[PDB]
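Asker: This is the structure I have questions about; it appears just below.
A short reminder: the numbers here are calculations on the coordinates, not readings from a lab. Quick reminder, even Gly has a Cβ in these numbers, built from the backbone with ideal geometry, and neighbours come from all protein chains shown.
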Protein chains: 6
Amino acid sequence: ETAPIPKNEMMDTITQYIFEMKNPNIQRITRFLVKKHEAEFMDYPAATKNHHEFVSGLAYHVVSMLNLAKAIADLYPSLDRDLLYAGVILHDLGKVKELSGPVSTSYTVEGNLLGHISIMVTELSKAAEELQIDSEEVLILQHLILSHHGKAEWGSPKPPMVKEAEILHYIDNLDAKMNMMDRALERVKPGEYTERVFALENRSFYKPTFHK
Amino acid sequence: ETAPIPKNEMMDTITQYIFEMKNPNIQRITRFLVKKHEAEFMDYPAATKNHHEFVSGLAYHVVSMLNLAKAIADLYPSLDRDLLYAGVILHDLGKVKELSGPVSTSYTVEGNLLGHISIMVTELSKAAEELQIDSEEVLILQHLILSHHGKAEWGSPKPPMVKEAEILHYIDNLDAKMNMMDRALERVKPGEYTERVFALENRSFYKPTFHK
Amino acid sequence: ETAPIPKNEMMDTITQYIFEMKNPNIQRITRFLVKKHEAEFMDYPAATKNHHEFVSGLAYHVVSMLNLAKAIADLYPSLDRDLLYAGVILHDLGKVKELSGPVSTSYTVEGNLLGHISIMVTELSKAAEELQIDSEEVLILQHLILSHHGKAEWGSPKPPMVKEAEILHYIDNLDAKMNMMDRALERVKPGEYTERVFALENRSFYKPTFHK
Amino acid sequence: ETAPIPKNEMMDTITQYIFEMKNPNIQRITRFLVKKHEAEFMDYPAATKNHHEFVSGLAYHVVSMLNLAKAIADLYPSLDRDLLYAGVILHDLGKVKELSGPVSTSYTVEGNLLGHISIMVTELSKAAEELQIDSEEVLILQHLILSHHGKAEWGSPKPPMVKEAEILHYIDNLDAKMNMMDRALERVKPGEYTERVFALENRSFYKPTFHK
Amino acid sequence: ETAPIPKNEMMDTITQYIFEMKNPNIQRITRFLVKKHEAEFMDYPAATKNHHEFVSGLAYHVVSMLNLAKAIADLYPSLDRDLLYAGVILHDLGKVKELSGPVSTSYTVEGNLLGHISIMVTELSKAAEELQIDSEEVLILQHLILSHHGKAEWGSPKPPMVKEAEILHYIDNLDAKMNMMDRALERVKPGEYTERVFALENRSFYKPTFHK
Amino acid sequence: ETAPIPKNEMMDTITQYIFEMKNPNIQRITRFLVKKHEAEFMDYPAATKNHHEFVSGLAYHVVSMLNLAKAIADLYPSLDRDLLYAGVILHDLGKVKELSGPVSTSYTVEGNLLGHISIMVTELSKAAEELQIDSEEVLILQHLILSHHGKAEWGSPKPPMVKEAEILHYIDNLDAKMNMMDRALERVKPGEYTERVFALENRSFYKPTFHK
Ligand SMILES: [Mg+2]
Ligand SMILES: [Mg+2]
Ligand SMILES: [Mg+2]
Ligand SMILES: [Mg+2]
Ligand SMILES: [Mg+2]
Ligand SMILES: [Mg+2]
Ligand SMILES: [Mg+2]
Ligand SMILES: [Mg+2]
Ligand SMILES: [Mg+2]
Ligand SMILES: [Mg+2]
Ligand SMILES: [Mg+2]
Ligand SMILES: [Mg+2]
């Protein structure tokens, strides 16, 4: 099973959203981290089970999240476009090294002991040190990476403390939940319930009779 | 303090979104409950504290959630536009009878004992019985109004079980949260923290130095 | 398996307790909702599993709770007997439409999506509108219906706020818990433990050696 | 403030309930613990705050719970009347040594460090050793004393595992709740709410307009 | 499977630590309860599953905790050595009557209904009465045994309030956890994970490649 | 207020424990990070409130935990001494950049937004890259730094999975708790209680009458 949109269009639209950025530090760091991690970002999945488990699923996750972030930021002008876009591209980038590969997905030792938050934080700091960038945008992106899961029980070391962090958390939940929730409702006749999914707090969903 | 958009434009946009509806039963029921509760919907606030405590705040809340629902539904074609729009309009309608008025906001006996969910379930069923509609559309709207707070600890009798119910939950969270978060960060200089807000799990927020 | 007391004696005792009522509005509304839902109240069970799963179990549940409520109201004169009796009779009425029937018990779409609480709030309000009764006893009975489970995690939208609501809670839990504990303790030799039942917080019970 | 019933009638009715017991070991042990702790049982309060804080309030607690246990035992014949009565009498006996006295009630070192449960388990075993009684009745009474608070978070070392233990817990909760709940409702006009009480999970209670 | 150290050397070391004590009351009580419960102390295990499930395992638990308590007492002079040693010896003594025996370990009715805390507190107070000791030493040891599990959810009636109670809690955690967690990593090759053990909050452990 | 031990003896004993290490990679990385952060490690405190809030408190915390880790490593030979010592030295090193200084302690933007865990993981990765060390001991130390608070609710991104991680967690608990719990008991007459300390789950502590 592959993504519905082919991979090089996803790469082109992500590069276009890089080109749309205005803050030079943000675009430089994000373009570097996408460019050096290009193949694994374009191939690897975004989890092991229950969401985005297909090949090039990370890329589809990223593109859908940027589209919905563009919608939210167009409706609410108070947000920063560039910081949000960099945070939404870079937040699940660390799973290029947490997971083993597109074939026979498995947690490696580094991702199982560390996690995709802390490995991406240190990768971001290393990129900032290499590109001779020592401004506050690095630390704010590092926070966006740090707290995109929202709460301590789900893996965040710290609660979100910036507007863009809460935006990132809500878009992540909505996108992942909608993808698994559309996958759950596919093989169900209208008027029938769905299978008991696990990552949706152990719930069963109803397809109404009027959805054709 | 009033809403930034004057009130009759909000009413015009809500009636426009009524006219955009395709399902006859949904459109008829939603138009009835909008028309009969018109003045209190256009005047009353949408809470007592920490969000939408100003006059005609319910109308701004509803219009903002319709706009963001339009964005999400345009990006995800799987959702039903009509059911989502009706669930957005009717979910905080009950606070026209839970709250006392735009002046000296206070919980009445009916709102404090019952709540804004169980009062609109009853109101929706009365509207369905009066307009001679006995379709599953009514029951799915009862679910949308029933579980829009998302979890039992926040006031939901049941967990959400339909797609538009979870979208209702997330849109309500995001709109209320970003309104209270923008109200918190208005009077804060860049590089300074904000006041410790209560509705956001007792947290503080940092305004970055590059936000002008 | 049937109830130990035959059904028309249960109906006669419930009608006698209706006749013992002194408040005209309470008596009229309660008699209407008993008379209109008579056959399903007299046939349907009171749950699906772990308690009152036999035919005419709802009637035995109601009669046993009325006996307990008569005892508690006799010892404590501060309670209102009329409101308590009505809240006892009406609180599990909703499972005439939540459940499918005495044979092959299953949750219907209305009961699974809404629940037995929110359907009886609506039914009670509709009965009040039909009998031209618009007094506060309807609202207090709606609270009794609303919060008879007591806590949010068990399905109550609001915590109890009136005395008879907490009495409804404690009589409900005591009656259901005693019946499931008696059913677990039937087939156990003294000096032996019971099966690990699920509805009692996953516990086991010891039958003492001197219980014959 | 004294109990509504004078003290010597209360001692007489407790001795009458001793006489009504049929099991010789239960009757002997319970009479021993009532006799040797007589004055402090008849004088001391049953808490420091929020319930039974008046002089001779422990006796009122015991008498009211005997009456409620008699009602529940008359309605449900499966329970053992004697062991339930002994558990009702002996469960809050330990506060004769947890509390300092009727005047200036305060926790002593033994009650604060150990608790009223573990001190009555010890007292019960010492009385059993002194009266040359080595039957399972003693151990079941020790379990009644051990788990009368129901859950670990409220002070019970173990969950209840006997029918009379759960009936002990529910009678204790209902009587303490009723006394604090009637004391909250004394000074409140009809149609007015009550003061925010602490031990009722931080709730406010409503007096309906028809209670005179 | 037996303990690595033979039993009579272990009894000799416990007797040596008894002789090391300076407080006469503590030393007398602790020697009395070691002497009278000697054979079952030297034979019985210290749990049913997941830790110290082998014969003479309770003795190994006690001896290792005395050694580690000696370490903590040597580094931290503010602790009382005698009180700590007595609390370490006597906190799992009660499982000589909770468990059935070294062969076919099973919970008896006394241990399952009551627990090893409440039976051991009673044993301590009975020995205090018999040895004609009425000092605060008995009450502080009663608290040490009462709250050695640390929290209410794990079985403690009261939270620890004395220094040696927290010390006993932490040494008990560290010793039991280290024995179960050394037993988990015995059969695991370097670079491989361990079996998902239940007593360690359902976690898995990694053996590093450089551990030979 | 200063630490009881003057500072250069603490530096000498930490350097001695560095010299006692046998693993070359561990020893090199740990000496590099101690030497580079030397002055702030020797001056800064280890928290803001409730523990180690005095000047040079980090050094005293580190020295006491090394002594206790030496005790545990001597008693339990299965542990790795070098990895444990490095994890004990480096776990609160990040507070040289989280905190402002020994005078007027306050959280900086980096420490408050990120935390001392994720800063120190990044510093470990940078030190490994600079010293040209790319072996798994870096990753195991990174996990030691990551999970030394033990649970998600206290700030750990991941649960501990290596033996030295659980040992580091327990020694951190014991040392911090003991210093705050000795500080609470200094000004209390024997036979009197202590003030309710916040960091110990709001408990009150008793000083026994026989402690002189
Ligand atoms: Mg993530
Ligand atoms: Mg994502
Ligand atoms: Mg709402
Ligand atoms: Mg809303
Ligand atoms: Mg119910
Ligand atoms: Mg019921
Ligand atoms: Mg009690
Ligand atoms: Mg009581
Ligand atoms: Mg234990
Ligand atoms: Mg132990
Ligand atoms: Mg730390
Ligand atoms: Mg530390």
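Asker: I'd like the orientation of helix C:7-19 relative to chain C: the angle between its Cα long axis and the longest Cα principal axis, in ° from 0 to 90, rounded to 10.
Answerer: Helix C:7-19 sits at roughly 40 degrees to that axis.
Asker: Using the Cα centre of the stretch B:7-184 as origin and beta-carbon charges of +1 (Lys, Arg) and -1 (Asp, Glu), tell me which of B:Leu79, B:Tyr170, B:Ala47 is placed farthest towards the positive end of the dipole.
Answerer: Toward the positive end, the furthest listed residue is B:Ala47.
Asker: Count, for each residue of B:110-122, the Cβ atoms from other chains sitting within 10 Å of its Cβ, then give me the mean as a whole number. Don't jump to the answer; show the numbers that get you there.
Answerer: Numbers: counts 4, 0, 6, 14, 10, 3, 1, 4, 11, 3, 0, 7, 10.
Partner-chain Cβ atoms within 10 Å, mean over residues of B:110-122: 6.
Asker: Further question: With each pseudo-label sitting 7 Å past Cα toward Cβ, what's the F:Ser204-C:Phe54 distance in nm, one decimal?
Answerer: 5.3 nm
Asker: Under a no-solvent Debye model with one identical scatterer per Cα of the stretch B:67-177, what's log10 I(q)/I(0) at q = 0.10, 0.14, 0.19, 0.24 Å⁻¹?
Answerer: Debye intensities relative to I(0), on a log10 scale: -0.30, -0.59, -1.03, -1.37.
Asker: Average partner chain C-beta neighbours within 10 Å, per residue of F:181-190?
Answerer: Working: counts 3, 4, 0, 0, 2, 1, 0, 0, 0, 0.
Whole-number average of other-chain Cβ neighbours for F:181-190 is 1.
Asker: Hey, another quick one. Where does helix C:136-146 land angle-wise versus the long Cα axis of chain C, in degrees 0 to 90, nearest 10?
Answerer: Taking Cα atoms only, the helix is inclined about 30 degrees.
Asker: Is it possible to state the helix-based mean residue ellipticity at 222 nm for the protein assembly as shown, with each DSSP H run of 4+ residues giving -39500 (n - 2.57), the sum divided by total residues, to the nearest 500 deg cm²/dmol? What is it? Walk me through the intermediate numbers first.
Answerer: Numbers: 60 runs with 709 residues, N = 1272.
-17000 deg cm²/dmol, from helical runs alone.
Asker: Which Cβ of chain B lies nearest the axis of the rotation superposing B onto E, and at what whole-Å distance?
Answerer: Closest Cβ on chain B to the axis mapping it onto E, in Å: B:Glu153, 10.
Asker: Treat every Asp and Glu Cβ in the protein assembly as shown as -1 and every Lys and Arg Cβ as +1, leave all other atoms uncharged, and give the resulting dipole magnitude about the Cα centre to the nearest 20 debye.
Answerer: Working: 138 positive and 180 negative charges, 3 e Å.
Taking the Cα centre of the protein assembly as shown as origin, the dipole is about 20 debye.
Asker: Please list log₁₀ I(q)/I(0) at q = 0.15, 0.17 Å⁻¹ for chain B, using the Debye equation with identical point scatterers on the alpha-carbon positions.
Answerer: Ignoring solvent entirely, the Cα scatterers give -0.99, -1.25.
Asker: I need the chymotrypsin sites (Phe, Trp or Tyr not before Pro) found in the stretch E:166-212, filtered to DSSP loop residues with at most 14 other beta carbons within 10 Å of theirs.
Answerer: Numbers: sites: E:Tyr170, E:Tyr193, E:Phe198, E:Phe205, E:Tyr206, E:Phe210; in loops: E:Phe198, E:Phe205, E:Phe210.
Counting only loop positions with at most 14 other Cβ atoms within 10 Å, the chymotrypsin sites (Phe, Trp or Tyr not before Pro) in the stretch E:166-212 are E:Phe198.
Asker: So for the pair F:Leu75, C:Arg183, with labels modelled 7 Å out along Cα→Cβ, what separation do we get in nm?
Answerer: With each label placed 7 Å out from Cα toward Cβ, I get 5.2 nm.
Asker: Straight-line reach from D:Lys70: which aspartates and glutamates fall under 13 Å, measuring Cα to Cα and dropping same-chain residues less than 8 apart?
Answerer: D:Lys70 reaches C:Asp74, D:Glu20, D:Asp80, D:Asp82, D:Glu164.
Asker: Once you wrap a convex hull around the alpha carbon atoms of the stretch E:1-112, what is its projected area averaged over all directions, in nm²? Before the final figure, lay out the partial values.
Answerer: On the way: hull surface 29.7 nm².
Its average projected convex-hull area is 7.4 nm².
Asker: Cross-link partners among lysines for A:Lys35, C-alpha distance below 19 Å, same-chain residues fewer than 8 apart left out?
Answerer: A:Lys7, A:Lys22, A:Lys95, A:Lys97, A:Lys126
Asker: Hey, what angle do you get for helix F:81-90 against the long axis of chain F, alpha-carbon based, 0 to 90 degrees rounded to 10?
Answerer: Result, in degrees: 70.
Asker: Percent of Cα-Cα pairs more than 16 Å apart in the stretch A:173-212, please.
Answerer: Details: 246 of 780 pairs.
Summing the P(r) tail past 16 Å for the stretch A:173-212 gives 32 percent.
Asker: Please report, for A:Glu130, the nm distances (one decimal) from its label point, 7 Å out from Cα along the beta-carbon direction, to the equivalent points in the remaining copies, shortest first.
Answerer: 1.7, 6.8, 7.5, 7.5, 8.2
Asker: Still on this structure, I have one more. Taking N as the number of residues in the protein assembly as shown, what is its Cα Rg relative to 2.2 N^0.38 Å?
Answerer: Relative to the 2.2 N^0.38 Å estimate, the protein assembly as shown comes out at 1.01.
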